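Got a structure for you, written out below as structure tokens; questions coming shortly.
Nothing in this text is a laboratory measurement; each read-out follows from the coordinates by a stated rule. In this analysis, Cβ positions are derived from the backbone assuming ideal geometry, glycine residues included, and neighbour counts consider all displayed protein chains.
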Amino acid sequence: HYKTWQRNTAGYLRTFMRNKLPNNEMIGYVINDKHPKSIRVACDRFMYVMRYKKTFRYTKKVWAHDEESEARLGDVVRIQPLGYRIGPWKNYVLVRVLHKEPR
Amino acid sequence: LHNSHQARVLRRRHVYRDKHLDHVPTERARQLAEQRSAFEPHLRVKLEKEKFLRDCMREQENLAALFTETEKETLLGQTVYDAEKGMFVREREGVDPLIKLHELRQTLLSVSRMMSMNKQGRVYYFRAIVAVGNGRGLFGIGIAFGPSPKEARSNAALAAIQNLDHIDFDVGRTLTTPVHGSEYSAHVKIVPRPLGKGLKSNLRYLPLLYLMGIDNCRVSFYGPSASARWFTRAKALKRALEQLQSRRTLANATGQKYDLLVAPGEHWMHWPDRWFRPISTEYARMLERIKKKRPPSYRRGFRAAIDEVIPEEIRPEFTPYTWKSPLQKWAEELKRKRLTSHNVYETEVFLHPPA
RNA sequence: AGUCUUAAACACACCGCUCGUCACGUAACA
RNA sequence: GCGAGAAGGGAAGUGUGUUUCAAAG
RNA sequence: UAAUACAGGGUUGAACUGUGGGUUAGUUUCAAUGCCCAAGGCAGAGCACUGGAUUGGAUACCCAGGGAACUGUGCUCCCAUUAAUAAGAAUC
RNA sequence: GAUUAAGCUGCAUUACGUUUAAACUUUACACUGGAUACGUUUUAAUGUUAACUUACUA
RNA sequence: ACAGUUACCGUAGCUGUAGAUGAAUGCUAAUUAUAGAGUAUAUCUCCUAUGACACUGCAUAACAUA
RNA sequence: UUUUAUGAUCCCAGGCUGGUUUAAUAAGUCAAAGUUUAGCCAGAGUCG
RNA sequence: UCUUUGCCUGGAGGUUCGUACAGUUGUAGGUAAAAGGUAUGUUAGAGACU
RNA sequence: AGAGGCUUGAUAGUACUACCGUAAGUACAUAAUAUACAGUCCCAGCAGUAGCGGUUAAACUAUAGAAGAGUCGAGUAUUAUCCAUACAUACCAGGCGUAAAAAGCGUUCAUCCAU
RNA sequence: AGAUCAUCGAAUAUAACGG
RNA sequence: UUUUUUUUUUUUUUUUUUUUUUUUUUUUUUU
RNA sequence: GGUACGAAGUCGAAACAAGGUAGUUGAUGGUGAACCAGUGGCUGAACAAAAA
């Protein structure tokens, strides 16, 4: 939790903007594409510390869904959240693929 | 910043970063360009010009200033009055007589005691640290030793006078930035104060502040020493604290930019041309420049009628007019007569009745 | 015997300084 | 016919809460 | 630490390459002396051990004998822990 | 015999332990339930007791 | 925010002193009648009361036209 | 096939937030890593 | 002047694959000075000389 | 003293929001002191890291010891509690020669850093 | 509906699925 | 125990690199 | 068994400075008490110490 005066500093606002995306979108790279029509997207987030005034990074691995199964391992993609639960692990939907690794 | 795996697979502009193919202006690159222009005009150097007439034809002139026999043949052949006290005082005693001793102040810091061992017993000698400096623009610290506390104080003060150093203080009594100071554990942070507020410091050290000539400041000692005594390290903190101060006149000379205060307007930078506009003009040569200069056809100055002003006594306040009220005329008449009196008005009387 | 050089955990400065076993008494981790 | 736990600390750690948005039974 | 065989490192010359890097666990080799085990022996040395000295009241100081310990592809890093008390970049 | 099967997660008295652990009102300005109505009414409200560990006060 | 710790000099570590008063205790004062804010404050044992009488409405067809 | 030092398996205890003035050229424009007092959200079921 | 690894908080102290593996500075009875050092003095069966 | 609790050996700068030398309880009445003195004498005690007490030190007891020299006041003071005042709880704002602190020497994983 | 450091008690770590 | 002579066995740092010579090129305020 | 504090008695002369014939340390052996013998490492090492 952040105090009222902690929500107006440039350090916190800058971190917020980086994390914040349209439709709560995220950026990550796929690390597992073994199961059919399934890909695990590894997203990286950021956080601010009001004590030492330094920002660190922590990975957030999540599961996604692909229709055409165009994405492959080691390919940065875009994910979008959803207001339901489908499958045991599936919690995201693909939109597009930015980069493609050769084979 | 944040050179993560994801950032490294997106910031690469190209598969190869050919740095050797970069175009950077080097020294040899420009040298070759100039040489290529010269068709088959090279680097050349010049030696110093040594002329004998520079000093041969000038040294003789300096001789005329000392050719007199009374200034060349010779080479190549204790009290001061103090009128309000009226007592003899040692003048020189290893002290510059030119410097006035009736304008400085001293402040006793501490009187430490030491111990010395000898073949028989122990020997003790006292010491003191006395800081002497004018309270306008001067400061100094002296240290010495003596057999007794009274003698130690006098000896310590002697060194302070001989080691007087100038400071860089603002004319306006307003520092620029707060200075900080260190020697081992110590920290002496001087917090400036607004103009017209006065000094604010420890009462014990209050006199010290005054002696420094610093106005509108908050001097605080942040743990002068965390071990042993705290008087010796403290001595050197002052020295390397006031040297860092800078005034307007200093920064402006090198900064060549607007460095003015808030109250005054362009006091140090404004330099009216007092040798071009107010140039003298005589009536014998004025007629010649009338037919050569541009004729006067302009309208931008109304208050342009003044000459040599002669001191004259006037009384604008006591000036009867046709529009003043009857009461004002009466009131001014009595007041005017009181100031012109030279028998009662310009006198001092102790008792009320003429006793 | 009087100086010089070096060392020092002493500076009431070698009648200095300082350690260990055993004997008696008071206590906390039992 | 209508109102009434207006005296509740027993459960839970990645939860309870906070923040950003949305909601024409 | 002369000769010979195997394979490293450093200095200089040419070619090639065209940002290849600094630090480093849930990691991996080596590492004086001592001890267990094992292999051992016929030299030079010596802890323990009755083998010739003590005192101004107690001793290993000064000789000699003396079956442990001294070459390991092993078990193995406790220390005063192997070329200063920083592994890198910039100012000469 | 006809359905004859009663005492709290609440409140109060007494007692033990701990350096310390709360009972005195014409309880009627409000909020709120009910209702056709400022037509009714209710301790969760309000006002007083206090070893002052605070404001104000010729 | 400053002093003290052999009567020389870096570290390190102590005593008094500031504010916040959301416990207890000692001494002395009930001294006009315009005296206050917060979980209204914690653990355990015995006994008694509650539970059919709780607020409101007969507009719950009432008191009913010279 | 899946998690795993960016703490996977796993034992005990703690429920989250707001509260206006507030001195000092630390003159805060929100009291500056973390301090509270009327308050918000939230707190399973049972007459067999 | 800048990047990253590791480590310490005055001095000081502990019961009388299962006898295995892993792991360890810290919950005291007590204390107010341990200690680096420039200089002086003193001691020295420690070196030299009027 | 309309009225009580503290201190009476040294040490401590005794609080800060307006004013910031731009002015009187200014003078007479109206000027004094407590490092004078009394009791015990390593015994009885006080106190704060440092301490005092033997022959009498403003340090122990005592104020008809004198209309107590001082700070608060209808309260005062002791203990206790916390982010315990720059003992910096160390980005602001402390270290790794001798003093408490750099792993015996080296190649690699992740993170951070780089032109 | 999305995002949203964990801390103390000194410490002792690889576990669950299919051939 | 000394001297002399003629072939056994264990073991392998005495001789052999140097005025610390780069802007001297680096070690920590004060006593 | 071992450790803390107070008082203080006996038995010894280990550290200081080359007298204990240098002295701390890693792993062993031994001895009523200073601790002692051997190997490795260090200086926190004293004395002595070159021409043709």
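Could you go through the range B:293-306 in sequence order and give the Karplus-derived ³J(HN,Hα) for each residue, using 6.51 cos²θ - 1.76 cosθ + 1.60 with θ = phi - 60°, rounded to whole Hz, and x for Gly and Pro?
My calculation for the range B:293-306 gives 8, 5, x, x, 9, 7, 8, 9, x, 9, 8, 9, 9, 7 Hz in order.
Once amide H atoms are placed 1.01 Å from N in the peptide plane, what residues at a sequence separation of 5 or more from residue B:193, or on another chain, have their amide H within under 5 Å of its amide H?
Amide H neighbours of residue B:193: B:217, B:218.
Sticking with this one: Can you show me the helix-derived [θ] at 222 nm for chain B, built from DSSP H runs with n ≥ 4 at -39,500 (n - 2.57) apiece and divided by the number of residues, rounded to the nearest 500.
Mean residue ellipticity at 222 nm (helix-derived): -6500 deg cm²/dmol.
If we count other beta carbons within 10 Å of each Cβ, what is the order of A:30, B:349, fewest first?
On the way: A:30 21, B:349 9.
Result, fewest neighbours first: B:349, A:30.
Continuing with the same structure: Mind scanning B:150/B:238; A:3/A:54; B:150/B:235; A:60/A:100; A:20/B:19 and naming the pairs with a C-alpha gap bigger than 28 Å?
A:20/B:19
At a threshold of 8 angstrom on Cα-Cα distance, excluding pairs fewer than six apart, so keeping six or more, what relative contact order does the range B:198-311 reach in percent?
Relative contact order of the range B:198-311: 12 percent.
Right, something else. Taking every pair of distinct Cα atoms and averaging 1/r, then inverting, what Kirkwood hydrodynamic radius in Å comes out for the range B:79-120? Walk me through the numbers on the way to the answer.
Details: mean 1/r = 0.0704 Å⁻¹.
Averaging 1/r across every pair of different Cα atoms and inverting gives 14.2 Å.
Separate question: Let me check I have the definition right: for the range B:23-96, take the eigenvalues of the Cα gyration tensor, multiply each by 5, take square roots. What are those semi-axes in whole Å, largest first?
Numbers: eigenvalues 905, 199, 18 Å².
Equivalent-ellipsoid dimensions as semi-axes: 67, 32, 9 Å.
Exposure proxy check: B:166, B:267, B:352, A:65 ranked by fewest other beta carbons within 10 Å?
Going from sparsest to densest Cβ surroundings: B:352, B:166, B:267, A:65.
Separate question: Between the alpha-carbon centers of the range A:1-55 and the range B:330-355, tell me the distance in whole angstrom.
Taking the Cα centre of the range B:330-355 as reference, the centre of the range A:1-55 is 89 Å away.
Can you tell me the relative contact order of chain A? Whole percent, Cα pairs under 8 Å, sequence separation 6 or more.
25 percent
Please arrange B:254, B:232 by how many other C-beta atoms lie within 10 Å of their C-beta, fewest to most.
Lowest to highest Cβ neighbour count: B:254, B:232.
Which whole-number value in Å³ per residue fits the convex hull of the alpha carbons of the range B:128-198?
Dividing the Cα hull volume of the range B:128-198 by its residue count gives 134 Å³.
GNM, chain A, Cα, under 10 Å: largest mean-square fluctuation among A:16, A:56, A:46?
A:56
Relative to the first principal axis of the alpha-carbon coordinates of chain A, what is the inclination of helix A:10-19, with its axis defined by its Cα atoms, in degrees from 0 to 90 and to the nearest 10?
Between the helix axis and the principal axis of chain A, the angle is about 10 degrees.
Restricting things to alpha carbons, tell me how big the range A:16-103 is in terms of Rg and Dmax, in Å.
14.2, 47
Can I ask one more? Evaluate the Debye formula for the protein assembly as shown with equal point scatterers sitting on the alpha carbons, no solvent, and hand back log10 of I(q)/I(0) at q = 0.07, 0.08, 0.11, 0.12 Å⁻¹, in q order, two decimals.
-1.00, -1.08, -1.17, -1.20
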